[PDB]
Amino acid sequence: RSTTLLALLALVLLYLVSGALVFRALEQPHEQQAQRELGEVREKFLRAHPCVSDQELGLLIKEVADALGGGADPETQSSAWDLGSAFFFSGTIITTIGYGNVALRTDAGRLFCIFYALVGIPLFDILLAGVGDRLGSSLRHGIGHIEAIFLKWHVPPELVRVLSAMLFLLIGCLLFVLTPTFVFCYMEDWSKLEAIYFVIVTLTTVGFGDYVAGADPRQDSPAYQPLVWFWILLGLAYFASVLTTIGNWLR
């Protein structure tokens, strides 16, 4: 309906303007302090080294920024495309998570990544819908055995569907939200908040890439980074499968 369509556009617009106000209010004070800190560092360095003009120290930071931007590490003077991480990177494309914590340098890689995505993403959407319908069948089928006890103890059959659906989402939430966050909390040395943030940013396929599991230069955990993708598959299919069963019981 054109009336509802425009009301929806105004709703989403106010939802973004509301988000914009909040993120600014929470983030901008930290950003502007960071800016003051950069300037404080420049002023302190000029006062220490007089053979350096303000404007020359300007170009250094610009050039240093751009190298850091390209993924250069301040700590050293001198693998993110080892078979493990390259497999993982390919996984971030077809899942449409796209962390981008390691980005492509070659025109070859970018041109390839285009066709890789246009073939890969829809091929994965078929597997996702396939595992989604399969995984959803198994849990609703499996819980049906434990659900049987509560129906016989004479809880109304419309409310046992809700109790089963609650257990259905809580067992899945346990296995594909809480389990992973407690895992990543210990494995990556994140906070319980940083872990939940990553998990949800990942399963929503927003995939900011500020936090990536297995990214850590130190870790020699070869099975770990690919095996995180085994979770991502199950989680996204569950995320999908439950929201589509929600959609059926709504409409």
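Just count from 1 along the sequence shown to find any residue number.
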Deposited residues missing from the model between residue 78 and residue 79 number 4 to 9
Going by the average Cα B-factor in the PDB entry, point out whether 116-124 or 137-145 comes out higher.
-> 137-145
Is the mean CA B factor in the deposited entry higher across 181-189 or across 29-37?
-> 181-189
Have a look at 10, 22, 16, 242 and flag the one whose Cα has the highest B-factor in the entry.
-> 242
Whose CA atom has the top B-factor in the entry, of 74, 100, 71, 157?
-> 157
Sort the modelled residues of this chain by their C-alpha B factor and say whether residue 195 lands in the lowest, middle or highest third.
-> middle
Relative to the other modelled residues in the chain, which third contains the C-alpha temperature factor of residue 223: lowest, middle or highest?
-> highest
